[PDB]
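Each reported figure results from applying straightforward, stated rules to the coordinates on display, with no laboratory input. In this analysis, Cβ positions are derived from the backbone assuming ideal geometry, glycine residues included, and neighbour counts consider all displayed protein chains.
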Amino acid sequence: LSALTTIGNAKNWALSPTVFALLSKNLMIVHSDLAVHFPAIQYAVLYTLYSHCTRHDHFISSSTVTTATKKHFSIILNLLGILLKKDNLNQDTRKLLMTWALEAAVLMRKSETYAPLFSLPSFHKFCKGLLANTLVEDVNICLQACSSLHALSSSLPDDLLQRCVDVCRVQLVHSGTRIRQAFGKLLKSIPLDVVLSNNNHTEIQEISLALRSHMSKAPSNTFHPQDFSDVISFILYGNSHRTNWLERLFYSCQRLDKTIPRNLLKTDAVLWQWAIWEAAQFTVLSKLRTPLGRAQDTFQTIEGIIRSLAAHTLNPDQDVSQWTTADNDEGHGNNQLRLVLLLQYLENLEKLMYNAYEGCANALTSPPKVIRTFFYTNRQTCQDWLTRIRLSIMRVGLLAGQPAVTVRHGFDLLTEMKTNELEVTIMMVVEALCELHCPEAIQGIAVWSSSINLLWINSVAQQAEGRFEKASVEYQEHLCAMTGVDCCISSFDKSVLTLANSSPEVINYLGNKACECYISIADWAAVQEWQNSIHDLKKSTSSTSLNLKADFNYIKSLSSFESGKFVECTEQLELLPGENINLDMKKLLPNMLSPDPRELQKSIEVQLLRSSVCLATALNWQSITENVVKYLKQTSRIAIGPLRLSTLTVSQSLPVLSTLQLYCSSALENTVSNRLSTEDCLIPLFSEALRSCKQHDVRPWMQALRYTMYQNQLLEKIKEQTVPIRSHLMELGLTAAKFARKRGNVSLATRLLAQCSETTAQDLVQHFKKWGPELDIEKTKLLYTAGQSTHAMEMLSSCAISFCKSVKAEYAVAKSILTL
Amino acid sequence: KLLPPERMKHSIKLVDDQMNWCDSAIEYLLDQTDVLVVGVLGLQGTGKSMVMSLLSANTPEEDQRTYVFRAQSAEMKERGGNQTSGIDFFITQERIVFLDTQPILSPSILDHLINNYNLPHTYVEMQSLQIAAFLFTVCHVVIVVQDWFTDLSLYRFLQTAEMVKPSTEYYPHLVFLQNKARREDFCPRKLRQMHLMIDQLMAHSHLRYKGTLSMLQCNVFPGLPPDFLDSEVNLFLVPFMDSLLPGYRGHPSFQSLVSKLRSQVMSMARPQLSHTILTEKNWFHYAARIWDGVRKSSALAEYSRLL
Amino acid sequence: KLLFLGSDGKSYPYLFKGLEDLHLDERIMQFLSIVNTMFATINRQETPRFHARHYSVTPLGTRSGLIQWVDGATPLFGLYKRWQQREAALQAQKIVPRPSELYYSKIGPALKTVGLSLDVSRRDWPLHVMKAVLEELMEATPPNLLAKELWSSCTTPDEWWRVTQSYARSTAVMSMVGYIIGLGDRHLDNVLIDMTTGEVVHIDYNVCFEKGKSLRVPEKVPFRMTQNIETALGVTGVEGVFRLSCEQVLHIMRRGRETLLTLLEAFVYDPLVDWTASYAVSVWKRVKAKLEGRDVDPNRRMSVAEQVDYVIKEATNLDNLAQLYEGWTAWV
Ligand SMILES: CCN(CC)S(=O)(=O)c1cc(Nc2nccc(-c3ccnc(-c4ccc(NC(=O)NC)cc4)c3)n2)ccc1Cl
Ligand SMILES: O=P(O)(O)O[C@H]1[C@H](OP(=O)(O)O)[C@H](OP(=O)(O)O)[C@H](OP(=O)(O)O)[C@@H](OP(=O)(O)O)[C@H]1OP(=O)(O)O
Ligand SMILES: Nc1ncnc2c1ncn2[C@@H]1O[C@H](COP(=O)(O)OP(=O)(O)OP(=O)(O)O)[C@@H](O)[C@H]1O
Ligand SMILES: [Mg+2]
């Protein structure tokens, strides 16, 4: 084989057995079974073939001599796919194949004339092999696969991107650092139209199956008290007193005398879940006699911690120690991680206690007789303690952004209420359901509670669906009818809006909900009017208990930034907490930060606004680029918090606000160093989300539009050639307008229509009668939804007449005629 | 109110160079039960200190100067002298006790004893036998390291040592680790020969050297079937620090193999020592008691009288 | 029961049936697939998927046949059996009786005390006696056998919420499909649940097309809505997502009832289908009337909300759960 390299590496012999076919088709038996006992032969054959193919540019131009090599690239791709898809390869062979695959992938993108090569079945098999190569014990192989996938990120179908998203999601939380960064970049390079899809994830399902199989197994009773003490100290106080310790602990807790996959042992999510479950089992199996104290000591400690956390929710000025103050950017994220782990621990403890006093069937193994006889006599005490702490658990769960915990606790509390602590429970459950976008559950609870004064639940149910205008109108009407004074504010006509779709705590809740609802649609004027109305109502009613929990300074800053007045924006931003405005990097977030995700999102938004205003003032290339780049990099690094937290548990989905913030931060970071010269500086939100993201509200598009207008207006201060943003801006505006109209938001839809085109029904009629057809159809649809069917019909007919004599008229005439 | 007692930064000397007990590890022990003990046996330059350091609190990315167990220096290899003397001790954060051992039948000890009851050779052999018995009576798992294969002398020594133990009998587990492996040692043809010779050389060893720590189950050979070997014994290989064919070193990465070995050793069983539950402090007291008892024993004297 | 092996090393279990015609089963499965196809559009903008689990059956002539086997599904009767065993063990600390024996042990003394005897015909039985026996039996079995099983089988609260929503939607869709078709004999052994996803699937598709009304003990409940099933949906019961899912299913079915009607028309004119085991015409007319909304009415057509409310009320009233077969397990 080594001697044959002379002819194989020749630079131009036409013999009967071609060298390529000899090493690719004739010697195909070495890959069946010889690779197991004699891998040297296979490695030599592959090396010779690779050396001979790399000298001719992998035979890409061909895909006499040219005609003979017209079917070489397909064979190479097929061979690579078959070899990579295998699961019994050697380390050296796998490394060589990965290098060859990376080289082929990089060369495939060297020119744009190789576009037809993305449709052959060989390419699909190659992509499948590359996708199957990642997520293995080896780190270099995973890095090479990730780099190759990131190289030719474009031209791939949605089928491959769907699996790539799941792979990046499961790999976002790894014990290493290079893997996390590589997968993060790969995920950022994927369009948002696929990341926000509701498709099932196979990796998450596999992790869940492994966890279920582990819990269904019999108890091991091998958890030492020291490990439990370390976990408890790291959860309650944050100090672990250990220097990849999770993997070491997991390996030390196993036994060889007496089954989680090895590939999943490098993930921190699985290790954390296993540790929490083991700690709960050790606590229950030890008759609550943990080293933390006596039987009642643990209950008192947990009760005190939960009570303090719940109390801090009412007044964020408490500043609870060991839970609100951090030393750097890592402590802030660790606080939320600890809170989530604590909630999971409590849930596991409750499950174990329930299974220990009564026993489950085909779910968990029955505990020993001593445990059952001990928990059967003290069942009343446990039930009383859990019932007494359910109220605090609900508040803690809502503070940490975990509506599932509070929903389950609320349901259990309501069920136990078979005999004024009733309205609060319904309030918390309704809020939790609203955060999960489940209007059906809200309506069901409203109807169920109607048989016990609670007619305001329907407003929250409608708001959870995305109808912000109707929700705000109903909230104002309910407040005015239950208070006695007029609390209405200027808005759209009630008649047209409807056709398109007493305790102080309740009053405060309605006011806060109305304020948040108005802020969602980005209506600063409405927010100001609402604030004035609230102040007048409080002064004329002496409630002494109503107060909006929303920093108005941030709202004013957002309004100034959107209005283009950066002069006042800088002054308004100077009063915000945290690091001063850019003219030291690790401690960007300020102290006394609550673990509430809302605060983190606000801080990230503030940082982005500061960077945007700084660049705007500096522009009118290393003057203000060496620091802004680092600032944005740190912001993006901190923004991967919620994304990793979602992966920690089996959520099967990711938050839209966090993902959008991270994508916007990455886009800004790229535009800072590129000055709007490449397509990578744009937002990946395209029209493809119309048929794949219909379950989301209009809030996600608001951030994209807000940050896109900034770049659009910034283009006026650049003399060099830049990418066209008019098309992207128009596309985003049209998509957002369509989604807004699809939920009754006539005001927001009209605002978007006016913005793209550059309070009464007749106003729309008098103001409305490549993307031209889409704009016309959208205007007609909006008018029809506004109640003016005749005007919409007339416009559609006229539009059809105009498109009938157009050039293309492919998707316009048909759609217009069908709608008419 | 639940902070750990203390964290060990460097190994301590459990047994003095003059065969004397050193009670200085009590401050690092607690009243916890179910502890794991690891012992190591090998030749002079096998590399016991390096493997123990890498398996307890070190990684290959570190340096030999910061290792928990001091290794041989550049100036010591030229003189051909041993580095570790006596018995060392070190406990990790996972409550795992690690025990080192000085070279057995090493010429350095004989040379140092020359310029210092019948002949020094008998004394060295007795010392090695005593340490072997001690490691075989209070250690949960014993790892044997060999620089080269087919020694034909260590097996006989182990068989003779297992018959001179002080005293429902208990046999500690054994692990065969081959340090400084080459490509020729990573072939199925040679692997089968190694397994057959190992099985034929320890037919009546009365020890647990099979059924646990299977190399084939560590994903080292993805395509090798388990039935290809008649009896896969507890063996492992360690390569060197990280030609008609370029590349193809012939063995997996050193870091991956060391990590797999560490995980397998950490997940080993922990059977009871005697017919009573022992704790860390109790284990230390038991070890000291057996050490003192074996020192003034009769089996060693009887065996020495025959030479 | 046999087993097959594929090229991908995947095991595909199967079931062998003999002396029983399976021609109608294949047609029923085809109907289920066609109705499931209509949920493709609604499954693109909703977290819980609108799917009805079903298997494939293929005949091997006129009496033999092969039925696809489904793994990972646990019958509902298993939970009741384990609960009975646990209760018996607990009582003995300080086998289990069969449903027939247990029901008779309570129906005997009541009839003897009221003045009647067990020798009288089943039809000649007072309604108050049966209602009292059913009420006394319901108060003994807790309704947390299935509601808490899903909670104990999950890992994280998010997973629990997801499986709960999926189970509620699947149960609503399956119940509506069974009511439209007319499936009967829905005991605990004919319903399986998948703890991995919470979906519910039926098994014995024999007593269908309103065939359960001609037995010795006619059944009036359209589907199974026992205490355990109702409790497993949540604290709300049947007024939450269950009603909304049922309304959506009815709207989708009524919107595209033409396809189902045409398919049934072809079903009637099939020489390989033996309904006797003008009957086909009556079955087709009944299905058409149910789909058109005129289930039980001379000329007034009931709306979706009214139809769902009436069906739910008729499937949960105590006046119909007492007068039923003992093996149907109306108390659990
Ligand atoms: C705990 C005991 N069990 C429950 C009873 S089980 O059977 O053992 C079991 C069943 C499954 N699931 C499953 N999967 C595939 C097929 C069947 C199945 C079973 C029995 N009968 C039929 C059947 C027979 C005849 C007809 N056709 C007509 O009647 N007339 C035309 C239609 C259906 C189908 N069930 C999973 C696990 C387990 Cl344990
Ligand atoms: O053309 P679009 O504006 O993108 O939306 C339309 C239409 O929206 P409208 O209800 O506002 O007319 C319908 O969307 P949904 O009601 O399902 O949310 C849907 O089907 P229907 O028109 O039958 O209601 C389908 O239109 P269709 O499938 O009938 O063609 C859809 O998108 P397309 O019109 O592009 O297909
Ligand atoms: N796998 C290996 N490949 C190459 N060199 C190795 C390997 N293992 C150990 N060595 C080297 O061989 C020497 C081993 O000496 P070390 O002090 O580590 O332990 P030792 O042989 O048990 O010593 P002692 O003589 O005290 O018994 C060191 O120089 C070490 O760097
Ligand atoms: Mg040494």
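Structure notes:
- When segment B:107-133 is filtered for residues that are polar (S, T, N, Q) and farther than 14 Å from B:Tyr303 by Cβ, the ones remaining, listed by number, are B:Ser108, B:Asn115, B:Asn116.
- Enumeration of residues in segment B:166-207 that are farther than 30 Å from B:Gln272 by Cα and of a type in the set (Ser, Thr, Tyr): none
- Every residue from segment B:224-268 that is touching a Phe, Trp or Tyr at 6+ places or on another chain (Cβ under 8 Å), of a type in the set (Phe, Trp, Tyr) and either part of a helix (DSSP H, G or I) or within 16 Å of ligand 2 (Cβ to nearest atom) (or both): B:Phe254
- Between A:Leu186, A:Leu161, A:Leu209, the distinction of being farther than 27 Å from B:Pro252 by Cβ, in a helix (DSSP H, G or I) and touching a helix residue (DSSP H, G or I) at 6+ places or on another chain (Cβ under 9 Å) belongs to A:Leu161 only.
- Residue pairs meeting the criteria (Cβ under 6 Å; at least 6 apart or on separate chains; first charged (D, E, K, R), in segment B:38-52; second near ligand 4 (Cβ under 9 Å from one of its atoms)): B:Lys48/B:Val40; B:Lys48/B:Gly42
- Check on C:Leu244, at the interface with another protein chain (Cβ under 9 Å from one of its Cβ atoms) and either among the hydrophobic types (A, V, I, L, M, F, W, C) or buried (at least 21 other Cβ atoms within 10 Å of the Cβ) (or both): yes
- Comparison of C:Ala168, C:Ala140, C:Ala172 shows that the only residue that is of a type in the set (A, V, I, L, M, F, W, C), under 19 Å from the mean Cα position of the chain (by Cα) and more than 22 Å from C:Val287 (Cβ to Cβ) is C:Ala168.
- Close pairs (8 angstrom Cβ cut-off, 6 or more residues apart or separate chains): of a type in the set (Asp, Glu) in segment A:503-518, assigned to a helix (DSSP H, G or I) anywhere: A:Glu505/A:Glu423; A:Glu505/A:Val424; A:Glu505/A:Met427
- When residues of segment C:1-43 are limited to those that are away from ligand 2 (no atom under 16 Å from the Cβ) and aromatic (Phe, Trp, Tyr), the one nearest to the other protein chains (Cβ to nearest Cβ): C:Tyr12
- Qualifying residue in segment A:551-569 (condition: surrounded by 16 or more Cβ atoms within 10 Å (Cβ to Cβ), under 27 Å from the mean Cα position of the chain (by Cα) and aromatic (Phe, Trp, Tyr)): yes
- Residue ranges of helices (runs of 4 or more DSSP H) in segment A:434-508 with at least 1 members touching a helix residue (DSSP H, G or I) at 6+ places or on another chain (Cβ under 9 Å) and within 14 Å of chain C (Cβ to nearest Cβ): A:439-449, A:457-465
- In this structure, A:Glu358 does not qualify as loosely packed, with under 14 Cβ neighbours inside 10 Å, of a type in the set (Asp, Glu) and either more than 17 Å from C:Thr236 (Cα to Cα) or touching a helix residue (DSSP H, G or I) at 6+ places or on another chain (Cβ under 6 Å) (or both).
- Evaluated against (1) more than 22 Å from the chain's Cα centre (by Cα); (2) outside any loop (DSSP other than H, G, I, E, B), A:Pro367 falls short on exactly one condition, (2).
- Checked against (1) out of contact with any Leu (no Cβ under 8 Å at 6 or more places or on another chain); (2) over 21 Å from A:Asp138 (Cβ atoms), A:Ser122 passes all but a single condition, namely (1).
- Matching residues in segment A:108-158 - criterion: being of a type in the set (S, T, N, Q), in contact with a helix residue (DSSP H, G or I) (Cβ under 8 Å, 6 or more places away or on another chain) and over 23 Å from A:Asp193 (Cα atoms): A:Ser122, A:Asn133, A:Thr134, A:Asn140, A:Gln144
- Selection within segment B:33-43 - near ligand 4 (Cβ under 9 Å from one of its atoms) and buried (at least 21 other Cβ atoms within 10 Å of the Cβ): B:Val40
- Any chance C:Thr196 is within 19 Å of C:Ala73 (Cβ to Cβ), assigned to a loop (DSSP other than H, G, I, E, B) and either within 14 Å of another protein chain (Cβ to nearest Cβ) or touching a helix residue (DSSP H, G or I) at 6+ places or on another chain (Cβ under 8 Å) (or both): yes
- Filtered residue count, segment A:268-295, keeping only those that are among the β-branched types (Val, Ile, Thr) and in a loop (DSSP other than H, G, I, E, B): 1
- Flag if C:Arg53 is away from ligand 4 (no atom under 16 Å from the Cβ) and within 14 Å of chain A (Cβ to nearest Cβ): no
- Listing of helices (runs of 4 or more DSSP H) fully contained in segment A:30-102 that carry 2 or more residues being of a type outside the set (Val, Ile, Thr) and more than 13 Å from chain B (Cβ to nearest Cβ): A:39-54, A:73-85
- Of residues in segment A:376-409 being of a type outside the set (A, V, I, L, M, F, W, C) and not in a helix (DSSP H, G or I), the one nearest to the other protein chains (Cβ to nearest Cβ): A:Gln402
- Remark: C:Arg300 matches the filter, which requires a residue to be charged (D, E, K, R), in a loop (DSSP other than H, G, I, E, B) and surrounded by fewer than 17 Cβ atoms within 10 Å (Cβ to Cβ).
- Pairs, first charged (D, E, K, R) in segment A:687-707, second more than 12 Å from ligand 2 (Cβ to nearest atom), C-beta under 7 Å, six or more apart: A:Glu688/A:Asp193; A:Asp697/A:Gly466; A:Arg699/A:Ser520; A:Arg706/A:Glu562
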